[PDB]
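Inspection log for the structure reproduced underneath, given as structure tokens.
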Amino acid sequence: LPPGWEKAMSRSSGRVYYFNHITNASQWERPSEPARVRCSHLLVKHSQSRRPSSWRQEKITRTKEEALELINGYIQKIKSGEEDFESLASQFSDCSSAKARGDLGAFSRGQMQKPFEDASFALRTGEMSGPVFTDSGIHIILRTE
């Protein structure tokens, strides 16, 4: 059982699923440290973000709860295949990295904010996180390398 993964019972169906408390990822299928990882992300900011401002909106007023609902809806569309991660990041991420389809490049430990770093290094290549909270706001993280 890879780092951070636990077994749980779905409320709706009673079927077993798997949850990762470090990445906040969840999935039905049973799952499965590098010096560097490469990640893309989609950031949704809220009124308590350290800098409640982005290229999308000079004053970001949405509540943290409203930001989480936006993040949840993006995760739904990405997982259904209705939308691609990069397309949503390019359009909706509250971050200049949107112009790069969310790409942050490669980094090692000791460079990024702790919740973001821990989730990034707990992901497998190609895997996506659930909502990850930092002082900047709420992130969806995609490990690409």
Side-chain angles (χ1 to χ4, degrees), residues 1-46 48-57 60 62 64-145:
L1 212 48
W5 284 101
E6 73 181 300
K7 174 206 297 174
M9 220 74 34
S10 163
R11 295 298 164 76
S12 332
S13 72
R15 249 167 61 245
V16 175
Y17 72 101
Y18 300 91
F19 174 70
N20 187 301
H21 78 267
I22 302 172
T23 66
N24 292 326
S26 49
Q27 68 184 41
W28 295 112
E29 311 76 12
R30 211 176 225 261
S32 313
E33 172 181 293
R36 336 197 74 239
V37 299
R38 182 180 182 179
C39 293
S40 303
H41 76 140
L42 188 164
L43 173 65
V44 178
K45 286 187 170 188
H46 54 74
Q48 296 203 355
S49 291
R50 193 213 180 270
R51 285 172 37 98
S53 194
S54 81
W55 73 272
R56 310 196 57 222
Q57 198 175 14
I60 295 181
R62 74 177 65 93
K64 179 188 296 169
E65 296 67 34
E66 292 171 341
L68 181 59
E69 286 188 13
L70 286 164
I71 285 283
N72 287 335
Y74 295 142
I75 290 174
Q76 283 180 327
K77 292 198 164 186
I78 295 164
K79 286 196 171 192
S80 72
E82 285 165 308
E83 308 276 349
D84 178 65
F85 180 97
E86 294 95 323
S87 160
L88 295 180
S90 296
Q91 290 173 257
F92 301 123
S93 185
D94 278 311
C95 180
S96 61
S97 66
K99 292 202 160 49
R101 308 184 154 214
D103 177 40
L104 303 169
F107 52 90
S108 42
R109 284 199 179 267
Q111 301 185 233
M112 303 292 198
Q113 293 195 84
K114 242 292 153 162
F116 193 98
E117 170 185 298
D118 282 348
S120 296
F121 280 85
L123 292 167
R124 306 151 293 175
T125 292
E127 181 178 8
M128 189 177 72
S129 73
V132 172
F133 294 77
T134 73
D135 281 4
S136 308
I138 313 173
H139 307 250
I140 305 169
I141 307 172
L142 175 63
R143 180 178 171 193
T144 57
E145 296 179 36

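Only heavy atoms go into these numbers, but all of them, side chains included; no hydrogens, no water, no symmetry mates. For the single chain, residues carry numbers from 1 onward in sequence order.
- For the pair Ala25 and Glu127, the tightest heavy-atom approach, listed with the atom from each and the gap, is CB-OE2, 4.3 Å.
- The side-chain contact (heavy atoms from CB on, under 4.5 Å) check on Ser136 picks up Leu43, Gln113, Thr134, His139, with sequence neighbours excluded.
- Rounding to the nearest 0.5 angstrom, the gap separating the CZ atom in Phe121 from the SG atom in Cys39 is 8.0 Å.
- If you take CE on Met112 and CD on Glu117, they are separated by 9.0 Å, rounding to the nearest 0.5 Å.
- A distance of 10.0 Å separates OG of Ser40 from CZ of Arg101, quoted to the nearest 0.5 Å.
- Here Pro2 pairs with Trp5, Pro31, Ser32 under the side-chain contact (heavy atoms from CB on, under 4.5 Å) rule; sequence neighbours left out.
- Taking the side chain to side chain donor-acceptor pair (under 3.5 Å) definition, one finds that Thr144 meets it with nothing, sequence neighbours left out.
- Side chain of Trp55 to backbone of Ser97: no donor-acceptor contact under 3.5 angstrom is found.
- With sequence neighbours excluded, the residues satisfying salt bridge (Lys or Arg N to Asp or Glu O under 4.0 Å) with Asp118 are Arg109, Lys114.
- At least one donor-acceptor pair closer than 3.5 Å links the side chain of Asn24 to the backbone N or O of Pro131.
- For the side chain to side chain donor-acceptor pair (under 3.5 Å) test, no residue two or more places apart in sequence or in another chain qualifies with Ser96.
- Annotation: side chain to side chain donor-acceptor pair (under 3.5 Å) contacts of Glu6 (sequence neighbours excluded): none.
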Distance-only donor-acceptor pairs under 3.5 Å for side chains of residues 66-77, two or more places apart:
unit_1, atom_1, unit_2, atom_2, d
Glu66, OE1, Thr63, N, 3.0
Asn72, ND2, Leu68, O, 3.4

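- The salt bridge (charged side-chain N to carboxylate O under 4.0 Å, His left out) analysis of residues 130-145, with sequence neighbours excluded, yields the pairs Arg38-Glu145.
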Could you please spell out the steps behind the side-chain contact (heavy atoms from CB on, under 4.5 Å) verdict for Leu1 and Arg30? CA-CA 9 Å; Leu1 212 48; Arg30 211 176 225 261; 4.0 Å; yes
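- Of all heavy-atom pairs between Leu123 and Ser129, the closest is CD2-N, 3.8 Å.
- Screening residues 13-39 for ring pair (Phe, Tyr, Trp, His ring centres under 6.0 Å) gives no qualifying pairs among residues at least two apart or on separate chains.
- Closest heavy-atom contact between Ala122 and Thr23: CB-CG2, 3.7 Å.
- Here the CZ-CD1 distance, from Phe85 to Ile140, works out to 6.0 Å after rounding to the nearest 0.5 Å.
- Smallest separation of non-hydrogen atoms from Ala89 and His41: CB-O, 3.8 Å.
- To the nearest 0.5 Å, the span separating CD on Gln48 from CZ on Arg50 amounts to 14.5 Å.
- One distance of note links CZ of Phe133 with CZ of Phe116; it measures 14.0 Å at 0.5 Å rounding.
- Pairing each heavy atom of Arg51 with each of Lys45, the nearest pair is O-NZ, 2.9 Å.
- Shown here are the side chain to side chain donor-acceptor pair (under 3.5 Å) partners of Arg62, two or more places apart in sequence or in another chain: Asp94.
- Counting heavy atoms of neighbouring residues, nucleotides and ligands inside a 6.0 Å radius, atom CZ of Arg124 exceeds 12 of them.
- For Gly126 against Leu142, the heavy-atom pair with the smallest separation is O-CD1, 3.7 Å.
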